[PDB]
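J.: Chains as they are written, first to last, in the entry's author numbering: chain A, 1 to 263; chain E, 1 to 263; chain G, 1 to 263; chain C, 1 to 263.
Ideal Cβ positions, reconstructed from N, Cα and C, are used throughout, including at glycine.
I have a structure I would like to understand better, so I am pasting it below and will then ask my questions one at a time.
There are 4 protein chains.
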Amino acid sequence: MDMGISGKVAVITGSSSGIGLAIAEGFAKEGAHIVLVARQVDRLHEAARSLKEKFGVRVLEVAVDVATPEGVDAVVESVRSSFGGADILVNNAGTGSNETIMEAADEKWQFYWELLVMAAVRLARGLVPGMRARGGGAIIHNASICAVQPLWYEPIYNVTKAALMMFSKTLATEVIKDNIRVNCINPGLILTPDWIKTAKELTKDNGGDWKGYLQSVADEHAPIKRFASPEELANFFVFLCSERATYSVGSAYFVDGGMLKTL
Amino acid sequence: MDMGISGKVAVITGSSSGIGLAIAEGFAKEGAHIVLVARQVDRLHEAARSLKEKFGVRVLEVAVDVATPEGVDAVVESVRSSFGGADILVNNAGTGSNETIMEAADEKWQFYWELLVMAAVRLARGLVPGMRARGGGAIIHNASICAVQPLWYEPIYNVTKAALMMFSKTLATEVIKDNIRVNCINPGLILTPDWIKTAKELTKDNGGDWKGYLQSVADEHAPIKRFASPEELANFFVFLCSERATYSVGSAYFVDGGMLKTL
Amino acid sequence: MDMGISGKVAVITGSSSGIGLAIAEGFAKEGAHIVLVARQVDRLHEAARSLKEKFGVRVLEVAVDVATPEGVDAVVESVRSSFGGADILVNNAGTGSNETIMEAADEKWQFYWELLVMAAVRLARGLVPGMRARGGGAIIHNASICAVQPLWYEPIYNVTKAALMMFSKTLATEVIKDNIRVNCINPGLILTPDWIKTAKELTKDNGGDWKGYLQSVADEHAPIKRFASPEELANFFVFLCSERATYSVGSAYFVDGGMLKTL
Amino acid sequence: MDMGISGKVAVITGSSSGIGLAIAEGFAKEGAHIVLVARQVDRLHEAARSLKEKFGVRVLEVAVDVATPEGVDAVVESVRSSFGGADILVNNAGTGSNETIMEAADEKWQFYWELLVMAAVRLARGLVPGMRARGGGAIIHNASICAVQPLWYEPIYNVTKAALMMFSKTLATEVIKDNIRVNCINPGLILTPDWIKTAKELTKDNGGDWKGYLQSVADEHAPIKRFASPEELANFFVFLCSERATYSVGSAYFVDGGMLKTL
Ligand SMILES: NC(=O)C1=CN([C@@H]2O[C@H](COP(=O)(O)OP(=O)(O)OC[C@H]3O[C@@H](n4cnc5c(N)ncnc54)[C@H](OP(=O)(O)O)[C@@H]3O)[C@@H](O)[C@H]2O)C=CC1
Ligand SMILES: NC(=O)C1=CN([C@@H]2O[C@H](COP(=O)(O)OP(=O)(O)OC[C@H]3O[C@@H](n4cnc5c(N)ncnc54)[C@H](OP(=O)(O)O)[C@@H]3O)[C@@H](O)[C@H]2O)C=CC1
Ligand SMILES: NC(=O)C1=CN([C@@H]2O[C@H](COP(=O)(O)OP(=O)(O)OC[C@H]3O[C@@H](n4cnc5c(N)ncnc54)[C@H](OP(=O)(O)O)[C@@H]3O)[C@@H](O)[C@H]2O)C=CC1
Ligand SMILES: NC(=O)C1=CN([C@@H]2O[C@H](COP(=O)(O)OP(=O)(O)OC[C@H]3O[C@@H](n4cnc5c(N)ncnc54)[C@H](OP(=O)(O)O)[C@@H]3O)[C@@H](O)[C@H]2O)C=CC1
Ligand SMILES: O=C(CO)[C@@H](O)[C@H](O)[C@@H](O)CO
Ligand SMILES: O=C(CO)[C@@H](O)[C@H](O)[C@@H](O)CO
Ligand SMILES: O=C(CO)[C@@H](O)[C@H](O)[C@@H](O)CO
Ligand SMILES: O=C(CO)[C@@H](O)[C@H](O)[C@@H](O)CO
Ligand SMILES: O=C(CO)[C@@H](O)[C@H](O)[C@@H](O)CO
Ligand SMILES: OC[C@@]1(O)OC[C@H](O)[C@@H](O)[C@@H]1O
Ligand SMILES: OC[C@@]1(O)OC[C@H](O)[C@@H](O)[C@@H]1O
Ligand SMILES: OC[C@@]1(O)OC[C@H](O)[C@@H](O)[C@@H]1O
Ligand SMILES: OC[C@@]1(O)OC[C@H](O)[C@@H](O)[C@@H]1O
């Protein structure tokens with residue numbers, strides 16, 4: 001199936017590793033030029049080198065903190081300078097949380113609000129004008145199954161991912177007039193490096209069977225009884241930003257191996 | 001994007017016309033063998049001829065009423081004897097309703113229950129064993145935006161589409177162990193022959209501006225301010241049934257141009 | 001808080017025991033006249049005697065099967081004959097299921113469709129005209145948390161309760177015209193006789209710790225870690241049908257001790 | 001129906017006018033002592049006197065901005081000094097928004113985050129320990145129908161109300177162990193002073209029929225074709241915080257006259 005995105009310019013936040021890098025590789029495979037954004041310069045360089053080598057597309061690296069307005073401004077200026085504008089934006093930079101409401105400091109709430117919600121707000125303000133001028137575009141917000149089905153250990157993440165899912169919907173209705181299609185994807189358990197790190201930490205004192213820990217997580221939460229690979233998730237992002245998904249507007253698509261317990 | 005559908009056997013109910021026919025074309029383009037199912041065989045012949053001649057695929061026609069156990073039984077036996085079993089099943093046969101609860105006959109409720117729900121129940125019972133023996137497969141239920149956001153004029157359709165959406169989710173958890181992935185797609189406004197007929201009928205005594213009537217429907221319901229084509233919807237069915245959507249289990253995916261008013 | 005229902009006529013289906021009887025007690029305590037409906041004649045008569053003597057209200061028994069058109073007809077005519085019409089209707093008659101989709105007979109699907117959905121359809125057609133003529137009323141559908149969050153062992157019940165929840169919503173928008181307010185309540189774990197019977201059956205060969213079995217069900221499903229009493233659930237039904245809940249229209253109210261895992 | 005809240009201490013944020021004032025009057029009618037909280041001292045002083053005079057309960061005035069940590073701390077300290085602790089908390093202080101995403105300033109996003117979300121976080125942190133020590137309690141978050149069904153003109157309000165609805169759910173699971181029951185209410189169109197002010201502003205140049213403007217808003221959005229009164233809505237708050245609603249945990253209850261378009 002032709003995706004029709006060859007030569008389009010795709011900005012992916014948090015794309016030096018995990019889901020965001022698999023998304024970038026997915027778009028590059030379809031011939032899209034890539035703007036990679038993350039904090040660490042080294043991983044960003046490898047990601048870009050590998051994408052250009054494997055796929056022969058143009059890749060721009062932007063090494064900034066998208067949780068800050070300065071960082072978002074830098075992404076916008078870099079896109080402008082190298083490409084003029086973006087055709088596709090994926091908001092993916094983020095991380096899990098771990099607290100109780102009774103104990104967490106206000107600054108932690110603020111941190112996740114800036115990272116998960118305000119990055120998406122600021123990136124839309126900053127890149128929508130360019131997208132409009134190019135004749136339209138696609139914007140995806142990678143929220144989480146937790147945006148509707150909260151995990152007990154991470155209330156701050158649950159609340160801010162819920163906010164992001166609503167933001168996606170409100171943005172979709174605002175910019176569809178510009179031929180810009182905005183949607184949300186809500187992943188379930190996706191095997192990424194922090195899950196492995198966590199699995200090791202949590203099994204340090206009971207035998208170190210970190211793969212067993214992960215399997216028990218999957219057994220508890222997902223009828224499919226396994227984690228997804230980032231590549232398998234990335235396919236959905238590529239499809240949703242393609243010329244084949246032109247009636248998808250303001251929707252939330254769960255990719256979760258059965259983990260969502262309700263309709 | 002490679003779909004990995006070539007040589008797979010896809011059974012599409014209600015595929016002589018409209019959305020089901022567009023789905024069959026979408027699968028044929030990707031090299032799938034097609035089982036077309038509908039009541040009126042003239043349209044089945046025409047559809048099957050076109051698919052064979054345009055796409056070079058094998059097409060089996062089954063002219064039966066899927067709202068009956070006997071019709072379903074014939075579909076199952078036609079598939080087993082011609083192909084061994086199915087890889088893909090798309091439950092699509094259906095039609096809208098038009099009544100009030102206060103006036104509708106019990107028999108009309110029964111008709112939609114048989115057509116929209118029992119067809120899917122009976123096809124799963126009949127086809128899942130063959131699918132299991134083949135190593136897995138994909139089942140999609142084409143319900144509707146009305147399965148969650150009911151349209152005032154068709155309460156029976158709303159209730160039975162809602163039931164179909166829940167059926168999809170229950171079947172998903174029962175059969176995922178067999179590597180059979182079940183999902184639901186809920187379309188919004190899709191321009192099919194019956195919409196054009198209704199438009200012409202509702203405007204016959206006021207100017208015959210049927211295109212104007214359809215535009216007013218789109219303006220009322222969809223932020224994108226147009227109907228989708230069957231072809232644009234069909235892309236989503238092909239993708240969900242492909243090797244690229246292997247983590248989608250028990251999900252409901254709206255394809256509705258913004259029509260869904262909630263998260 | 002004054003409920004304003006003294007002297008109102010409340011029809012409760014399935015009210016010779018369990019939740020339905022508790023709802024009838026709740027209404028009787030607020031001075032409503034009661035129409036009790038169930039199949040077993042003596043059980044129903046004794047439930048009626050107890051209400052009448054404990055609460056001093058009028059109680060009318062209709063001993064019929066509400067899954068049949070003839071049973072519903074009898075209810076409507078008994079209400080018309082004794083009271084003129086109803087002010088309140090609670091659709092409650094029902095029972096759980098237990099099957100797989102692969103094994104269940106078509107006849108079992110039909111039974112639950114008639115009992116859970118058509119009973120509500122037929123009672124609305126039969127009773128709404130009298131309620132209209134009385135100046136308005138309240139209709140509640142007792143569905144289940146399973147109408148949105150399906151339990152693995154009972155797919156038929158999940159599908160038909162989902163259908164009922166949608167019916168509630170469609171009826172709500174049809175009759176609000178007439179000052180009839182329709183809503184749905186979705187209960188979680190409610191300790192009724194069949195739960196106790198099941199706990200005793202499933203523990204007969206491992207120590208008979210039936211209370212232990214029920215506690216394990218509560219621990220698995222509900223954050224509150226207990227079942228509700230029917231009486232505690234009944235309060236919500238009485239409130240929703242009162243003069244105090246006059247803006248509740250087309251809503252679904254979960255009363256579930258935290259069991260719903262999503263927003 | 002006895003609510004069983006006589007002598008309980010209820011803290012209602014934003015309770016000098018509109019919905020919050022109506023909720024305070026509803027709890028006072030049931031014998032509850034009241035903590036009234038709002039910014040404008042004169043209105044608050046007046047409302048407190050009136051309540052004390054009319055219902056003969058204790059009324060504590062705390063004139064602070066609950067969007068600030070200092071304001072929340074002053075509520076917590078005043079409650080501690082006068083009453084020891086709270087039995088009931090209603091998070092109600094808030095206001096609508098009006099902007100586009102493309103035009104709104106970062107500071108406006110922050111303002112609503114602090115007002116609608118952080119107020120509830122901070123008040124929960126501050127009051128839950130006193131509630132736990134008193135043996136349990138009830139907390140309600142007054143979010144909005146917009147938390148799930150966004151209104152086009154107020155994206156910031158929609159996003160922050162959605163965040164609040166998720167916060168309510170996450171808090172509910174964290175504190176049910178303390179016998180503290182947390183729920184969300186999502187009102188539809190409630191006739192409050194700002195609706196009247198808006199209706200006048202918007203009809204200033206087209207005839208001044210502000211009541212007609214409000215009727216058109218209700219006709220557009222609500223099947224019941226009217227606004228609710230704040231007193232109508234307040235009944236639901238009082239009921240949910242009563243001894244009759246003891247199995248309501250982590251639920252969201254819409255009170256919206258049919259405005260929600262989906263299940
Ligand atoms: N993994 C999972 O199970 C699921 C993940 N998600 C969502 O997927 C998204 C990505 O997660 P995942 O791939 O697991 O995470 P990883 O930690 O593997 O990757 C996160 C990426 O984001 C970057 N990043 C983090 N913070 C910032 C920042 N402030 N500014 C710029 N870049 C940043 C990281 O690079 P660097 O540190 O150099 O900045 C890295 O490239 C997140 O939004 C997460 O919520 C949703 C559901 C499930
Ligand atoms: N069009 C739209 O805007 C939307 C449609 N849908 C759903 O899409 C599905 C397809 O509808 P659409 O393409 O619009 O309609 P069409 O009328 O164009 O296609 C319906 C197909 O179903 C077949 N069919 C109907 N009843 C039976 C039956 N008892 N047994 C076997 N085949 C049957 C019809 O052929 P025959 O009559 O010869 O049997 C025809 O092939 C339906 O389920 C509909 O509810 C959902 C949302 C929106
Ligand atoms: N208990 C629970 O945990 C939950 C229950 N529910 C729902 O609550 C409702 C009541 O259930 P519950 O109280 O537990 O069940 P019970 O079996 O304890 O009570 C059912 C009542 O309905 C009557 N009844 C059953 N079938 C019919 C029929 N065909 N016609 C007329 N009356 C009938 C029964 O009497 P008779 O047999 O004599 O006809 C009895 O009076 C059901 O709809 C159930 O699905 C929802 C969520 C949870
Ligand atoms: N009216 C409606 O149709 C709907 C309203 N709601 C929600 O209901 C809640 C009440 O709104 P409503 O009654 O309409 O509005 P009003 O403006 O009439 O009342 C708001 C109350 O909150 C107070 N308040 C506002 N900001 C603060 C603050 N920062 N700190 C302390 N008190 C504050 C106000 O007093 P002061 O200005 O002096 O501080 C006032 O007493 C809001 O959360 C709103 O979003 C939800 C759905 C619909
Ligand atoms: O979104 C999820 C799980 O789906 C969260 O648990 C994590 O924060 C995720 O980012 C993996 O670390
Ligand atoms: O859009 C979706 C995904 O299907 C949502 O509707 C979810 O089902 C949930 O947030 C509410 O139904
Ligand atoms: O699902 C829809 C449109 O959203 C139904 O109302 C129609 O009946 C459709 O099946 C074709 O008319
Ligand atoms: O029907 C009954 C009675 O056993 C319930 O237990 C259902 O399984 C379900 O509604 C529980 O919420
Ligand atoms: O919640 C609503 C209406 O449903 C918002 O439009 C406003 O903020 C309201 O609170 C003020 O009029
Ligand atoms: O997962 C099994 C399978 O047959 O399901 C249907 C897919 O089209 C096909 O690619 C896949 O191999
Ligand atoms: O005693 C219960 C009852 O149903 O018994 C039968 C009587 O006819 C009726 O009046 C009465 O309420
Ligand atoms: O709204 C009509 C009515 O009969 O509905 C049922 C309520 O119990 C009653 O108080 C009310 O007046
Ligand atoms: O529980 C969240 C919610 O919005 O889910 C959908 C239901 O309509 C409603 O009852 C419920 O409040």
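Just the C-alpha distance for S242(A) and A93(C), rounded to the nearest angstrom, thanks.
T.: Translated into the one-based positions of the first sequence, residue 242(A) becomes position 242. Translated into the one-based positions of the fourth sequence, residue 93(C) becomes position 93. C-alpha separation (whole angstroms): 43 Å.
J.: Starting from the Cα of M3(C), find the closest Cα among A22(C), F27(C), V57(C) and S16(C) and give me that residue.
T.: To locate residue 3(C), count along the fourth sequence from 1; it is residue 3. Measuring from the Cα of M3(C), the nearest candidate turns out to be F27(C).
J.: Within the present structure, is the beta-carbon of residue 272(C) separated from the nearest heavy atom of ligand 13 by less than 7 Å?
T.: Look at the range of chain C in this structure, 1 to 263, and you will see that residue 272(C) is not part of it.
J.: Sort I12(G), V41(G), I180(G) and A74(G) by Cα distance to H33(G) and report the nearest one.
T.: Taking the third sequence and counting its residues from 1, one reaches residue 33(G) at position 33. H33(G) has its Cα closest to that of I12(G), out of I12(G), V41(G), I180(G) and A74(G).
J.: Spell out the partners DSSP gives residue 264(A) in its beta bridges.
T.: Only positions 1 to 263 of chain A appear in this structure, which leaves residue 264(A) out of reach.
J.: What residues from chain E crowd round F254(G), counting only those whose CB sits closer than 8 Å?
T.: Here residue 254(G) is taken as the residue at index 254 of the third sequence, counted from 1. None at all; the shortest Cβ gap to chain E is about 16 Å.
J.: Quick one: which chain E residues come within Cβ less than 8 Å of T246(C)?
T.: Numbered from its first residue, the fourth sequence carries residue 246(C) at position 246. Correct list: empty, because the minimum Cβ distance to chain E is about 29 Å.
J.: Which residues share a DSSP beta bridge with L89(E)?
T.: Here residue 89(E) corresponds to residue number 89 of the second sequence, with the count starting at 1. Bridge partners of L89(E): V11(E) and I139(E).
J.: Give the single residue among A172(C), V255(C), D106(C) and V128(C) whose Cα lies nearest to the Cα of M118(A).
T.: Looking up residue 118(A) in the first sequence gives position 118. Of the listed residues, the one whose Cα sits closest to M118(A) is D106(C).
J.: Within the present structure, is the beta-carbon of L51(C) separated from the nearest heavy atom of ligand 4 by less than 7 Å?
T.: Here residue 51(C) refers to the residue found at position 51 when the fourth sequence is read from its first residue. No - ligand 4 has no heavy atom lying nearer than 7 Å to the Cβ of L51(C).
J.: DSSP state of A32(G), grouped into three classes?
T.: Taking the first residue of the third sequence as 1, we reach residue 32(G) at position 32. Here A32(G) sits in coil by DSSP.
J.: What's the C-alpha gap between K197(A) and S248(C)?
T.: Against the first sequence, residue 197(A) aligns to sequence position 197. Against the fourth sequence, residue 248(C) aligns to sequence position 248. Their backbone Cα atoms lie some 38 Å apart in a straight line.
J.: Please list the segments of the alpha helix (DSSP H) lying wholly inside the segment 178-225 of chain G, counting only runs of 4 or more residues, in order along the chain.
T.: 193-202 and 210-221
J.: On the premise that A228(A) lies in contact with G258(A), defined as a C-beta separation below 8 Å, what is that separation, rounded to the nearest angstrom?
T.: Counting from 1 along the first sequence, the entry for residue 258(A) is found at position 258. Counting from 1 along the first sequence, the entry for residue 228(A) is found at position 228. Not confirmed; about 11 Å, so no contact.
J.: If we define contact as Cβ-Cβ less than 8 Å, is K261(C) a contact residue for chain E?
T.: For the purposes of this step, residue 261(C) is identified with residue 261 of the fourth sequence, where counting begins at 1. Yes, its Cβ sits closer than 8 Å to a Cβ of chain E.
J.: Got a sec: does ligand 6 put a non-hydrogen atom nearer than 7 Å to the Cβ of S97(E)?
T.: Mapped onto the second sequence, residue 97(E) falls at position 97. No; taking the cut-off as 7 Å, the Cβ of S97(E) has no heavy atom of ligand 6 nearer than that.
J.: What do you reckon, is the C-beta of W195(G) under 7 Å from a heavy atom of ligand 8?
T.: As a position in the third sequence, residue 195(G) is number 195, starting the count at 1. At least one heavy atom of ligand 8 sits closer than 7 Å to the Cβ of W195(G).
J.: Name, going along the chain, the residues of the segment 160-186 of chain C whose beta-carbon falls closer than 9 Å to a beta-carbon of chain A.
T.: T160, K161, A162, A163, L164, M165, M166, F167, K169, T170, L171, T173, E174 and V175
J.: For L127(E), name the three-state secondary structure that DSSP assigns.
T.: Sequence index remark: in the second sequence, residue 127(E) carries index 127 (1-based). Correct three-state label for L127(E): helix.
J.: Just to confirm the assignment, what range does the alpha helix (DSSP H) spanning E103(C) have?
T.: Along the fourth sequence, one-based indexing puts residue 103(C) at 103. That residue, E103(C), is in no alpha helix (DSSP H); it is neither H nor E in DSSP.
J.: Quick one: which residues of the segment 120-150 of chain C get their C-beta closer than 9 Å to a C-beta of chain E? List them in chain order.
T.: Within the segment 120-150 of chain C, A147, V148, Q149 and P150 place their CB atoms closer than 9 Å to a CB of chain E, listed in sequence order.
J.: Please state the DSSP three-state secondary structure of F227(C).
T.: Mapped onto the fourth sequence, residue 227(C) falls at position 227. Looking at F227(C) - three-state DSSP - the assignment turns out to be coil, as it is neither helix nor strand.
J.: Kindly identify the DSSP beta-bridge partner or partners of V37(E).
T.: For this step, residue 37(E) is matched to residue 37 along the second sequence. In DSSP, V37(E) forms a bridge with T13(E) and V62(E).
J.: Please state the DSSP three-state secondary structure of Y253(A).
T.: Counting from one through the first sequence, the residue named residue 253(A) turns up at place 253. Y253(A) falls in the strand class under three-state DSSP.
J.: Spell out whether any CB of chain E is found under 8 Å from the CB atom of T13(G).
T.: Here residue 13(G) refers to the residue found at position 13 when the third sequence is read from its first residue. Closer than 8 Å: no.
J.: For a contact meaning CB atoms closer than 9 Å, what does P223(G) contact in chain C?
T.: As a first step, residue 223(G) must be located in the third sequence, where it is residue number 223. What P223(G) touches in chain C: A172, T173, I176, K177, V249 and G250.
J.: For ligand 3, any of its heavy atoms closer than 7 Å to the Cβ of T192(G)?
T.: One-based indexing of the third sequence puts residue 192(G) at position 192. Checking the Cβ of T192(G) against ligand 3 gives yes.
J.: Measure the C-alpha to C-alpha separation of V175(C) and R226(A) and round it to an integer number of angstroms.
T.: Stepping through the fourth sequence from its first residue, residue 175(C) is reached at position 175. Stepping through the first sequence from its first residue, residue 226(A) is reached at position 226. Approximately 31 Å between the Cα atoms of the pair.
J.: Below 8 Å on C-beta distance, what does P69(A) contact in chain C?
T.: For the purposes of this step, residue 69(A) is taken as residue 69 along the first sequence, with counting starting at 1. Within 8 Å Cβ-Cβ: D106.
J.: Starting from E70(G) and walking both ways along the alpha helix (DSSP H), at which residues does that stretch end?
T.: Working through the third sequence from its first residue, we reach residue 70(G) at position 70. Element bounds for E70(G): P69 to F83.
J.: Can you tell me whether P193(G) is buried or exposed, with buried defined as 16 or more other CB within 10 angstroms of its CB?
T.: Here residue 193(G) is taken as the residue at index 193 of the third sequence, counted from 1. Exposed, because fewer than 16 other Cβ atoms sit within 10 Å of the Cβ of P193(G).
J.: Output yes if chain A places a C-beta closer than 8 Å to the C-beta of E30(E); else output no.
T.: In the second sequence, the residue the question calls residue 30(E) occupies position 30. With 8 Å as the cut-off, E30(E) counts as an interface residue toward chain A.
J.: Check whether chain E comes within 8 Å of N91(G), counting only Cβ atoms and requiring the distance to be less than that.
T.: Start at 1 with the first residue of the third sequence, and residue 91(G) comes out as number 91. Chain E contact via Cβ: absent.
J.: Ligand 4 and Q40(C): does the residue's C-beta get closer than 7 Å to at least one heavy atom of that ligand?
T.: For the purposes of this step, residue 40(C) is taken as residue 40 along the fourth sequence, with counting starting at 1. It does: the Cβ of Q40(C) is within 7 Å (strictly closer) of some heavy atom of ligand 4.
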